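Asks: Protein chains in written order, with the authors' numbering: chain D, 1 to 60; chain C, 1 to 59; chain E, 1 to 60; chain F, 1 to 60; chain A, 1 to 62; chain B, 1 to 58.
Where a beta carbon is used, it is the ideal one built from N, C-alpha and C, also for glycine.
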Amino acid sequence: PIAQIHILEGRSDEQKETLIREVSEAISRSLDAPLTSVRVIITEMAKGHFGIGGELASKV
Amino acid sequence: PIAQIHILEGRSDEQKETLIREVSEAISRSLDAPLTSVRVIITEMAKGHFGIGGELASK
Amino acid sequence: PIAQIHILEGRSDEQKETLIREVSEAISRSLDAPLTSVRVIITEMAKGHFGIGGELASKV
Amino acid sequence: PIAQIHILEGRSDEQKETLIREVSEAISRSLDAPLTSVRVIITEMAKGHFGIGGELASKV
Amino acid sequence: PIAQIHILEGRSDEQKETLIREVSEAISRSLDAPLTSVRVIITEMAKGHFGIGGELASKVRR
Amino acid sequence: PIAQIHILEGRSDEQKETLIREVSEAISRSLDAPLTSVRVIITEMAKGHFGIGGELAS
Ligand SMILES: *C/C=C/C(=O)C(=O)O
Ligand SMILES: *C/C=C/C(=O)C(=O)O
Ligand SMILES: *C/C=C/C(=O)C(=O)O
Ligand SMILES: *C/C=C\C(=O)C(=O)O
């Protein structure tokens, strides 16, 4: 099981470390899969690179 | 926040529903983001489509 | 330029053909890039495989 | 409907804003889906990270 | 090192097994990384789901 | 045929150029597909962005 998470840039290294752990755990729990097989990738998006309804998230 | 999870095929609909909920929650908690903005995509892989060390996981 | 579009299953082949064309055009226009270089991938999601707010889109 | 677009680095913020809008619109039109549900992600590639025919795009 | 490869549907299981092996090896060689860490995912695309120049590959291809 | 490869940051431009070529070749060989149709994307990951067993690769 491999998870890729796209998020807006701006968060601390600690928050991201937590995200990885908590998501990894949730995956292991939910699928009864061994925690050590779980991979997580975080991909940060620039605010000018993410659109909702055709408009940037950097003015919503 | 949009999460795509690749997993081996073979799990039940219930397990997957759970995966979606628990992961969505963990994201919301971890980033202090509203739960309703979180999207999750599950992508099932066939066992013949996933390699480790150059060999199928189906072996 | 390569675009991948995740959409809920259930649309017609014609709608998807249109999607491919219209998006490919929009990319070419926007970036002043040659239309023939543009690649588009459509990835259909099962309704039981897409979550919003932790709950399936096949409820909401 | 969630679109991810990989493009070469080098474009202006305005061009990208236009890309997001025009693509979002093309998606909404093509699938008769509400514009406000459409998400777009732009992922910029470094010129040394994109290959065609095994050769960098930064010698093309 | 994790590779995802999108290909048109239609190939045999053997061809895909080969693809996985040859690509994993090329990755290991190129990056001096241990072969056993390399992951590969193959994702098959339906011919109606892949566009070139705004037109399906299933009307520009077999 | 379009390949995206996620790798840890830290490698030289030459190594990556080699990765692109060798992988592109392997794909062409394996699928009997024309080399010039093969696309490769390299995506570098920061060490703080990649988790194994819930822990950073650092
Ligand atoms: C990951 C980004 C999602 C949002 O910001 C939102 O929809 O509110
Ligand atoms: C592409 C998925 C998003 C929706 O359909 C929506 O939330 O409206
Ligand atoms: C990987 C699919 C692409 C083609 O078929 C091509 O570019 O000719
Ligand atoms: C890319 C796959 C994982 C690793 O690099 C590792 O095993 O550290």
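Are there any heavy atoms of ligand 4 lying less than 7 Å away from the beta-carbon of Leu-8 of chain B, as far as the coordinates show?
Replies: Yes, ligand 4 has a heavy atom inside 7 Å of this Cβ.
Asks: From the DSSP output, which residues share a beta bridge with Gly-51 of chain D?
Replies: Answer is D:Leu-56, F:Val-40, bridged to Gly-51 of chain D.
Asks: So for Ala-26 of chain E, helix, strand or coil by DSSP?
Replies: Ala-26 of chain E falls in the helix class under three-state DSSP.
Asks: Name the chain B residues whose beta carbon is nearer than 9 Å to that of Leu-35 of chain D?
Replies: The answer, in chain order, is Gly-53, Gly-54.
Asks: Regarding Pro-1 of chain C and ligand 1, is the C-beta to nearest heavy atom distance less than 7 Å?
Replies: Under cutoff, so the answer is yes.
Asks: Grab the span of the beta strand (DSSP E) containing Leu-8 of chain C for me, first residue to last.
Replies: Looking at the DSSP string, the run of the beta strand (DSSP E) that includes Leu-8 of chain C is 2-8.
Asks: For a cutoff of 8 Å on Cβ pairs, would you count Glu-17 of chain A as touching chain C?
Replies: So yes, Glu-17 of chain A belongs to the interface.
Asks: With distances taken from CA atoms, which of E:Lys-47, E:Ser-30, E:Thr-18, E:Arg-39 is nearest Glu-22 of chain F?
Replies: It is E:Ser-30 whose Cα lies nearest to the Cα of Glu-22 of chain F.
Asks: Taking 7 Å as the line, does the beta carbon of residue 64 of chain C fall inside it for any heavy atom of ligand 4?
Replies: Any question about residue 64 of chain C goes unanswered here, given that chain C covers just 1 to 59.
Asks: Is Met-45 of chain E closer than 8 Å to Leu-8 of chain E when the C-beta atoms are compared?
Replies: The answer is yes: Cβ separation under 8 Å.
Asks: Output, in chain order, the set of chain A residues within a Cβ distance shorter than 7 Å of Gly-10 of chain C.
Replies: Residues of chain A passing the Cβ test: none, with the nearest at roughly 16 Å.
Asks: Whose C-beta lies closer than 6 Å to the C-beta of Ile-5 of chain C among residues of the same chain, with five residues either side of it excluded?
Replies: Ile-42, listed in sequence order.
Asks: Please report how far the alpha carbon of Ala-3 of chain D lies from the alpha carbon of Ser-37 of chain A, in whole angstroms.
Replies: The straight-line gap from Cα to Cα measures roughly 17 Å.
Asks: My assumption, with CB atoms under 8 Å, is that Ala-26 of chain E sits in contact with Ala-26 of chain F. Please give the rounded CB distance.
Replies: Indeed, because the Cβ distance is near 4 Å, the residues count as touching under 8 Å.
Asks: Along chain F, in chain order, which residues have C-beta atoms closer than 7 Å to that of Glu-22 of chain E?
Replies: In chain order: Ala-26, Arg-29, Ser-30.
Asks: With a cut-off of 8 Å, does the C-beta of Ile-7 of chain A fall near any C-beta of chain C?
Replies: No - not a single Cβ of chain C is within 8 Å of the one on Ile-7 of chain A.
Asks: Report all residues from its chain with a CB closer than 7 Å to the CB of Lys-16 of chain A; omit the five preceding and five following residues, and keep chain order.
Replies: Around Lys-16 of chain A: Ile-42.
Asks: Could you tell me whether the Cβ of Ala-57 of chain E comes closer than 8 Å to any Cβ of chain F?
Replies: It does not; no Cβ of chain F falls within 8 Å.
Asks: Could you name the residues of the same chain whose beta carbon sits closer than 6 Å to that of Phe-50 of chain A, not counting the 5 residues immediately before and after it, in chain order?
Replies: The residues are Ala-57.
Asks: Hey, is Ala-3 of chain C's beta-carbon within less than 8 Å of any beta-carbon in chain D?
Replies: It does; some Cβ of chain D falls within 8 Å.
Asks: With distances taken Cα to Cα, identify the nearest neighbour of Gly-54 of chain F among B:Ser-28, B:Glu-55, B:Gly-54, B:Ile-52.
Replies: Comparing Cα-Cα distances from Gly-54 of chain F to each of B:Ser-28, B:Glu-55, B:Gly-54, B:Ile-52, the minimum goes to B:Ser-28.
Asks: Using 7 Å as the cut-off, classify the Cβ of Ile-52 of chain A as near or not near the heavy atoms of ligand 3, replying yes or no.
Replies: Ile-52 of chain A: yes, Cβ under 7 Å from ligand 3.
Asks: Thinking C-beta only, is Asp-13 of chain F closer than 8 Å to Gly-10 of chain D?
Replies: Contact: no.
Asks: For a test of your reading of the model: does the CB of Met-45 of chain C fall under 7 Å from any non-hydrogen atom of ligand 5? Yes or no.
Replies: Ligand 5 is not among the ligands present in this structure, which contains only ligand 1, ligand 2, ligand 3 and ligand 4.
Asks: Check whether the Cβ of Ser-24 of chain A lies closer than 7 Å to any heavy atom of ligand 2, and answer yes or no.
Replies: The answer is no for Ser-24 of chain A.
Asks: Can you have a look at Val-60 of chain A and say buried or exposed, based on whether 16 or more other CB atoms are within 10 angstroms of its CB?
Replies: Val-60 of chain A should be labelled exposed.
Asks: Report the residue from B:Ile-52, B:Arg-39, B:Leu-35 whose alpha carbon sits nearest the alpha carbon of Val-40 of chain D.
Replies: For the residues B:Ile-52, B:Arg-39, B:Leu-35, the minimum Cα distance to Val-40 of chain D belongs to B:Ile-52.
Asks: Leaving out five residues on either side along the sequence, give the residues of the same chain with a beta carbon under 7 Å from the beta carbon of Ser-24 of chain D.
Replies: Cβ neighbours of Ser-24 of chain D beyond the five flanking positions: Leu-35, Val-38, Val-40.
Asks: Give a single yes or no on whether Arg-11 of chain F has its beta carbon closer than 7 Å to a heavy atom of ligand 3.
Replies: It does not: the Cβ of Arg-11 of chain F is nowhere closer than 7 Å to a heavy atom of ligand 3.
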